[PDB]
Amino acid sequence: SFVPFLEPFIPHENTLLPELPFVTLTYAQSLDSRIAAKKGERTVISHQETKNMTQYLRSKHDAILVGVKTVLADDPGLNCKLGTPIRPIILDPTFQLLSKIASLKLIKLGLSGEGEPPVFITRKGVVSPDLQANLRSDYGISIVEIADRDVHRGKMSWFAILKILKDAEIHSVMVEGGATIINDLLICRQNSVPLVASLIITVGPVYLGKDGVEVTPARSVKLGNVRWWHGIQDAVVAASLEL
């Protein structure tokens, strides 16, 4: 199955950037490299054989990270079906989700103990210190702020985010999407060294077409240590990013 297949790619000590958590970038794509169907169309890409794999990967990571738009589009739970704890991290620069906090599935799971209470990553001063105290008391939420010095062209530095997480004793983070985060992380380097340690992609045998949500990085990206797995319907490629 996928367990021996993934054994070299689950978080491990041989990190080229030890001030950062072990970063897994992982997503499910159609053949034409879409990760969501067009607006109004149901998204069916990954089948249960590879959904199980994703749950297994979540059991090996301290944290799971997605962007606001993923939260808005999917209302994900962001816990682990095996029952191991995993900390949800939401990249929400202006805290758009504030008005939905009481409705979110990830908030509910944090309150029911079926999940861990989330961390939202925002720009400086987006959430006032007393709003943070109320949200922390009412929902268990933490707010983590990125200084303006670490924001370039309106994008928070991935290095700054990961260093904060690592300093909060998050030793491994599973970044699951969406397309913006995937595209940025695929090309993000620190002195030629990729921040992503493991890249694990489910390929579903479907086309979602030109109006689906596309993944493609701004330049070409070479992979190393490639290994393929497949089941009845889906295939999975695991790899590292080349220098």
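Numbering starts at 1 and follows the sequence shown.
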{"query": "Comparing 184-192 with 45-53, the one whose average Cα B-factor in the PDB entry is higher", "finding": "184-192"}
{"query": "Per the entry, higher mean C-alpha B factor between 25-33 and 59-67", "finding": "59-67"}
{"query": "Selection from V151, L104, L78, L91 [criterion: highest C-alpha temperature factor in the record]", "finding": "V151"}
{"query": "Residue selected from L109, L97, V119, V127 by maximal Cα B factor", "finding": "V127"}
{"query": "CA B-factor placement of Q233, once the chain's modelled residues are sorted into thirds", "finding": "lowest"}
{"query": "Assigned third (lowest, middle, highest) for the C-alpha B factor of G177", "finding": "middle"}
{"query": "Position of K210 among the chain's modelled residues by C-alpha B-factor, lowest, middle or highest third", "finding": "lowest"}
{"query": "Record-listed C-alpha B factor of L241: chain third", "finding": "middle"}
